[PDB]
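Q: Structure provided below as structure tokens; questions to follow.
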Amino acid sequence: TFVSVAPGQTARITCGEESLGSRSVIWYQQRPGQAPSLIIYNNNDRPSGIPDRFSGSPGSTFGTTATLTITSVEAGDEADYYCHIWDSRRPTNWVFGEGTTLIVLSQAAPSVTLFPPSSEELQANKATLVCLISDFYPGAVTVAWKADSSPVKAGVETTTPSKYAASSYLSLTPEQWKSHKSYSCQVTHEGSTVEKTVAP
Amino acid sequence: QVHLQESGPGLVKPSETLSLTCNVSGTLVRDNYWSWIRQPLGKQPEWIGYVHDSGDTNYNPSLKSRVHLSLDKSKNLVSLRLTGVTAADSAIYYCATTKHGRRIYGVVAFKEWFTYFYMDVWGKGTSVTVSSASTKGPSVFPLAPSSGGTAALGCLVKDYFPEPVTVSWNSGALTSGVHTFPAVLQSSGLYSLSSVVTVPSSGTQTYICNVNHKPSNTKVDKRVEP
């Protein structure tokens with residue numbers, strides 16, 4: 001799931017089934033592009049390097065769910081969080097609990113960059129226009145391409161953005177590239193559309 | 001420092017056996033429990049198993065008949081083999097040191113005593129794609145600087161399979177200003193990605209992107225010039 005919070009405020013993240021027996025919950029944090037790292041073990045013990053902003057709910061009151069609380073949240077805390085539940089009355093869990101994405105609303109509008117094909121690609125008889133989109137929130141954009149004024153019906157590949165940054169690539173032949181006056185990348189974000197153009 | 005580094009083939013065909021290695025430094029393998037963990041794209045981690053030199057070893061039941069874990073004391077490494085793979089086995093695979101703890105109460109609560117494990121040091125992970133599609137090495141092209149006193153500058157890594165590709169700038173001596181985008185999986189079934197750096201426009205330093213595609217044993221250094 002998702003949890004959003006403002007910087008300085010408190011985040012709470014719920015993970016796993018309601019408790020049955022005595023509990024030991026382990027929490028992991030996963031930053032974008034990184035391995036999970038241990039944040040809490042044995043319900044509320046922290047390993048080296050983890051500050052007391054991070055706390056876990058006791059393995060305690062029967063029929064309740066484990067919660068990780070992060071107080072005084074900073075942008076560095078933005079990550080996916082997973083628990084691994086040990087419950088004295090249940091079989092060993094071999095899958096971690098379903099993750100929760102923590103969003104820190106530091107706060108939005110995209111930076112767009114548009115590159116023409118390289119001389120080197122052109123020398124290989126290929127051409128790709130590269131439209132780079134970054135530093136935007138929330139993570140919804142649509143990208144459209146224009147050849148002169150005409151909509152492009154083919155050769156466009158665009159990433160689903162992630163933690164946001166996104167990419168769009170227009171594949172063309174070298175003569176298609178040289179033919180038109182220009183090509184444009186149009187990025188539509190939160191009611192507005194930002195355009196950049198490129199030409200031979 | 002305890003330091004784990006996984007390695008593997010990047011690409012495995014369906015029905016083949018996946019073989020991974022975890023190279024360990026900063027501790028001896030006999031002195032730790034070891035886990036393998038995998039995480040499919042967009043999903044949570046799944047614990048594969050834990051192994052110890054004592055024989056105190058156990059495997060995820062869902063993988064029981066297909067998985068083997070080993071320790072090599074002579075080479076200080078941990079190994080995994082997973083047979084009969086399919087697309088469901090595609091994931092990033094991680095090696096981790098695994099510590100053990102016990103919840104201990106009064107003897108009146110003996111039935112509720114239990115042991116738990118936590119993974120305190122993880123490797124960087126190795127990417128495993130199970131696919132019938134063949135490996136393809138990338139084509140790397142420079143994204144030349146042209147235009148706040150600052151310009152952007154990058155490298156296009158085009159049409160490779162499978163993931164992943166690593167891109168660095170100046171062999172690692174440029175990590176600031178750097179944005180390496182996540183790859184796009186194209187309709188061709190190949191991936192492409194780009195990496196960009198932001199630099200002051202004034203003819204000092206040289207900018208080289210270093211691209212490595214381990215699954216195809218491809219390494220490319222690309223100079224990027226105006």
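Labels for the structure tokens follow display order: chains A, B, ..., residues from 1 in each chain, ligands from 1.
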Compute the chain B side of the contact with chain A at 8 Å, counting only C-alpha atoms, and hand it back as a ChimeraX atom specification.

A: /B:43-48,60,94,101,103,112-114,116,118-125,141-144,181-187

Q: As a ChimeraX atom specification, please: the residues near segment 30-34 of chain B (cut-off 9 Å, only C-alpha atoms, same-chain neighbours under 4 positions excluded).

A: /B:49-54,56-57,71-73,76,78,95-100,119

Q: Could you list, as a count of residues only, every residue within 6 Å of segment 79-91 of chain B, counting only C-alpha atoms and ignoring same-chain residues fewer than 6 positions away?

A: 19

Q: What is the atom CA of residue 168 of chain B-atom CA of residue 211 of chain B distance in Å, reported with one decimal?

A: 6.7 Å

Q: How would you write, as an MDAnalysis selection string, the set of residues in segment 13-190 of chain A that DSSP gives as strand (DSSP E or B)?

A: chainID A and resid 13:15 23:30 37:41 45 54:56 66:70 79:87 95 100:104 111:115 127:134 142:147 150:151 156:158 162 165:172 183:189

Q: Could you please take those selected residues and save C-alpha atoms as a compact mmCIF listing (two decimals), in the first residue's frame?

A:
# COMPACT_ATOMS: atom_id res chain seq x y z
CA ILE A 13 2.94 1.61 8.69
CA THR A 14 0.89 -1.52 9.23
CA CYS A 15 2.07 -4.95 8.17
CA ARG A 23 5.38 -12.13 18.43
CA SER A 24 8.77 -11.13 17.12
CA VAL A 25 8.51 -8.73 14.19
CA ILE A 26 11.43 -7.75 11.97
CA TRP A 27 11.30 -4.64 9.79
CA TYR A 28 13.25 -3.84 6.66
CA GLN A 29 13.60 -0.61 4.69
CA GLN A 30 14.21 -0.60 0.98
CA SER A 37 18.28 -3.28 5.02
CA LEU A 38 17.39 -4.23 8.57
CA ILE A 39 15.64 -1.50 10.59
CA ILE A 40 14.17 -3.28 13.59
CA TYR A 41 14.29 -6.77 15.06
CA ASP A 45 15.33 -3.43 18.94
CA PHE A 54 11.99 4.26 14.27
CA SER A 55 9.86 2.17 16.63
CA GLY A 56 7.89 -1.05 16.37
CA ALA A 66 2.23 -4.98 13.90
CA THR A 67 3.00 -1.34 13.22
CA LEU A 68 6.20 0.58 12.50
CA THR A 69 6.15 4.20 13.63
CA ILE A 70 8.54 6.79 12.24
CA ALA A 79 11.26 3.88 0.90
CA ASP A 80 9.37 0.64 0.82
CA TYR A 81 8.97 -1.01 4.22
CA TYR A 82 8.42 -4.75 4.80
CA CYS A 83 7.89 -6.74 7.96
CA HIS A 84 8.77 -10.37 8.54
CA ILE A 85 6.44 -11.87 11.14
CA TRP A 86 7.33 -14.52 13.70
CA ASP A 87 4.26 -15.61 15.66
CA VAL A 95 7.34 -14.58 2.47
CA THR A 100 4.12 -0.25 2.13
CA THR A 101 5.57 2.70 0.21
CA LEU A 102 6.29 5.75 2.38
CA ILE A 103 5.88 9.04 0.50
CA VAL A 104 7.39 12.16 2.04
CA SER A 111 12.25 18.89 -15.59
CA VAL A 112 12.28 17.85 -19.26
CA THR A 113 15.35 17.31 -21.43
CA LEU A 114 15.29 16.41 -25.14
CA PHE A 115 18.30 15.03 -27.04
CA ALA A 127 18.16 7.49 -34.93
CA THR A 128 16.60 7.90 -31.51
CA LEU A 129 15.18 11.04 -29.96
CA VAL A 130 15.55 11.00 -26.18
CA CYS A 131 13.10 12.85 -23.93
CA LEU A 132 14.09 12.80 -20.25
CA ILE A 133 11.53 13.66 -17.56
CA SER A 134 12.36 14.04 -13.88
CA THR A 142 1.62 11.17 -20.35
CA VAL A 143 4.06 11.80 -23.15
CA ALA A 144 3.19 12.47 -26.76
CA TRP A 145 5.47 13.16 -29.71
CA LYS A 146 5.02 15.40 -32.70
CA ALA A 147 6.60 15.31 -36.11
CA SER A 150 1.63 15.83 -36.77
CA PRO A 151 1.05 13.25 -34.04
CA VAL A 156 7.41 5.69 -29.22
CA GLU A 157 8.48 3.89 -26.06
CA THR A 158 7.78 5.47 -22.69
CA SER A 162 9.22 5.45 -10.76
CA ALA A 165 11.61 10.14 -13.26
CA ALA A 166 10.44 8.93 -16.67
CA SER A 167 11.78 8.47 -20.18
CA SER A 168 10.39 8.57 -23.65
CA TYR A 169 12.19 7.40 -26.77
CA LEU A 170 11.17 7.99 -30.36
CA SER A 171 12.84 5.58 -32.81
CA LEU A 172 13.24 7.02 -36.32
CA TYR A 183 10.18 16.99 -33.63
CA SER A 184 8.63 17.79 -30.27
CA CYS A 185 8.25 15.95 -26.99
CA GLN A 186 5.08 16.98 -25.12
CA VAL A 187 4.80 16.14 -21.42
CA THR A 188 1.39 16.36 -19.79
CA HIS A 189 1.45 16.78 -16.04

Q: Figure out the distance between atom CA of residue 200 of chain B and atom CA of residue 135 of chain A, please, to one decimal in Å.

A: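 Between atom CA of residue 135 of chain A and atom CA of residue 200 of chain B the gap works out to 19.4 Å.
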